[PDB]
Each structure stands twice: as C-alpha cells, then as structure tokens.
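Residue numbers (the authors' numbering): 1 to 330. C-beta: ideal position from N, C-alpha, C; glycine also.
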C-alpha cells in the first residue's frame, strides 16, 4: 500500500504545516501537525477542557463506531518549546492520504497548554519519530508509520515541504518526479528516538564550505534551524545590523536586509537554503526588526534541522531494518 497527502502552511510564515487525517467511522477529518521529532498521535477531542478549545476541530470518539477506549492508558507530553498536553487513549481507524491503519492509538487530549489553545489551525500532532519515544503508559504505543510499515510497498515516508506553498507527505514510495538529481543517504542513530544524523558541514552565501560534523535531528515539527553558536554567528555576521537579542529570544535582523543563503552538507552533497527561507518577519506587528530563521541550539542540547532546512530538500525517512535519511535538492 501507499498514501499521499498534501501538507499546507498554517500561516504566511510557514510556522508549521497541517495535513488532513481521517479518524474513526464515519471519518472525522482533523488537520494534524506531522512531527518527525515526536512519537504521539494526539488530538483535540470532546474530552478536552472546554476553556482550552478555541476553534480547533475535535475528535469525538463516541461518534466513531470503530473507537475503543484503551483501558487504563494515559499519556502526557512536553515539547522543546515548552508546550504540553495530556489525556487518555482510544484505538481507532486512521487514514492518511488513502493509507489506512486499523487499531491506531489515538491519544485524546484532556488538557492542552496555552500555545495549543491559541493556535486554532492545529487540531493535534501525528508523531513520526521512533516509537520508543511514545508517552502512553503503562503500555507504550506505536506510531502511525510503525503500524503501517509492514503493509507499505517500501518501508519509507517522505517529506516535501513547500516554501510559502503546500507540499506533500508520501508513505510507502519515493516520487522520483519530486526532486532533482539524486538522493544522498546518510546514517541515522535511533539511540535518542529521533531521526538523528550528522551533517558534513556548511557554507554561508557564496562562501567556502566548512567541513565539520554537525549532529542533529530531522524534525518537521520544529519551525526553525537550530545549530551550534559558532555556525549561527558566522551566518548572521554576513547580515548588516543583525544581532542576538536576549529580550526577543534570538537573532534579529533589519527587515530591509537581503539574507544570504545557507548550505548544509549531506555526505558529499549540498542542500542550499535560499536566504528568503530564513526570514520570519517582524518580531511584532509593524516592527522593522525581523526574526531570523537560523538560531543557536546552545540552550537546547541538540541541533535541530527543522522546517527551514527540510523545506529546501526532498527528504526520505527510510524505516528499513537499519534506518537511514535521504536528502535531495528539488
């Protein structure tokens, strides 16, 4: 089997991407944030504290003839941005782009933190990291991809995120029309539960490539590109007036600037992030200070190849017995 679904930016900045997902019988379609950095499929629901729902579409398990309470199971998750959610668990039928999994754990939110409530466009998350990170207790549950894998034509999914435009998540096949050149595959460590890999270096604009190993994670659920402070300083030094602002929370730059590109290495191959992809717009409405899309990872503990990087590539998440990642230009 295969599936193919369009993913759409939630706003004009590409702050996140939503993909429609069918849950239950009859189908209830929710727009979920596909997150290769986490491993829970959780949704706003009829169980979510009413004051914490503000415009989201909810899953109502009592209206699904295939929903079953997973007795005794609870979940609770905290994300790198400080947001969180928790609740109980159903199993139900879940379809993405024509690919169907029966008995998928659908984690129903009883509580969500303010940033989820405040984002009316995201009805939940669909985790695509390794199932070892799934938070369901006392019986850990499998991701949608893990459950689908054996049925897929090939045990892979691909992320093709757009810049200021829709893109595609495919399951079970590699669309050879969706990228240019060849796909360069690189090793993955699953020891932390992430799609963790080592970039071979970087360049800023037209500058020379610096060969240096940068371990980080391919994370569709993180907006920006988080890299070591040395790398980030080298990038922003090429932008007149750019500075790191403690009060804003990262590098800012004059909105009048033209940003240089940023290149990252995948083996001997190179992925070029155009400068425009690094512009996240005014820090507050009407400001002439703009927020940068490349930020320091120093306070995180891990480097994160988030959407800013991934949207410049066609990315293969290869879930073969030994997982690997593939990157192609497009």
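Roughly how many angstroms lie between the CA atoms of residue 72 and residue 197, to the nearest whole one?
Reading the chain shown from its first residue, position 72 is the one you call residue 72. Reading the chain shown from its first residue, position 197 is the one you call residue 197. Cα-Cα distance, rounded: 36 Å.
Less than 7 Å between the beta carbons of residue 85 and residue 77, yes or no?
Within the chain shown, the letter at position 85 stands for residue 85. Within the chain shown, the letter at position 77 stands for residue 77. A contact, by the Cβ cut-off of 7 Å.
Close-in-space but distant-in-sequence residues of the same chain around residue 211 (CB under 7 Å, 5 per side omitted):
Here residue 211 refers to the residue found at position 211 when the chain shown is read from its first residue. Excluding residues within five positions, the ones whose Cβ falls inside 7 Å are 200, 201.
Any idea what DSSP makes of residue 50, helix, strand or coil?
Numbered from its first residue, the chain shown carries residue 50 at position 50. Here residue 50 sits in helix by DSSP.
Per DSSP, what are the beta-bridge partners of residue 210 in this structure?
Sequence index remark: in the chain shown, residue 210 carries index 210 (1-based). The partner list for residue 210 (beta bridge, DSSP) reads 202.
Between the C-alpha atoms of residue 142 and residue 96, what's the straight-line distance to the nearest angstrom?
Numbered from its first residue, the chain shown carries residue 142 at position 142. Numbered from its first residue, the chain shown carries residue 96 at position 96. Their Cα atoms are separated by approximately 16 Å.
Decide yes or no for the touch test of the segment 238–249 against the segment 157–170: beta carbon pairs closer than 8 Å, at least 3 of them.
no
Going by DSSP, what residue range makes up the beta strand (DSSP E) through residue 130?
In the chain shown, the residue the question calls residue 130 occupies position 130. Here residue 130 belongs to no beta strand (DSSP E), and DSSP marks it neither H nor E.
Would you check if the segment 204–222 and the segment 283–293 touch, i.e. whether three or more CB-CB distances between them fall below 8 Å?
no
Nearest-angstrom Cβ-Cβ length linking residue 17 and residue 33, presumed shorter than 8 Å
Translated into the one-based positions of the chain shown, residue 17 becomes position 17. Translated into the one-based positions of the chain shown, residue 33 becomes position 33. Right, the Cβ-Cβ distance comes to about 7 Å (below 8 Å), so this counts as a contact.
To the nearest angstrom, how far is the alpha carbon of residue 138 from that of residue 75?
As a first step, residue 138 is located in the chain shown; it is residue number 138 there, counting from the start. As a first step, residue 75 is located in the chain shown; it is residue number 75 there, counting from the start. Cα-Cα distance, rounded: 9 Å.
In chain order, what residues of the same chain lie with their CB nearer than 8 Å to the CB of residue 164, ignoring the 5 residues before and after it?
The residue you call residue 164 lines up with position 164 of the chain shown. Closer than 8 Å at Cβ, skipping near neighbours: 9, 12, 14.
Cβ separation of residue 306 and residue 223, assumed to be a contact under 8 Å, to the nearest whole Å:
The residue labelled residue 306 in the question sits at position 306 within the chain shown. The residue labelled residue 223 in the question sits at position 223 within the chain shown. 6 Å between Cβ atoms; contact.
Let me know the secondary structure DSSP gives residue 163 once reduced to three states.
Locating residue 163 in the chain shown gives position 163, counting from the first residue. Residue state, collapsed to three classes: coil.
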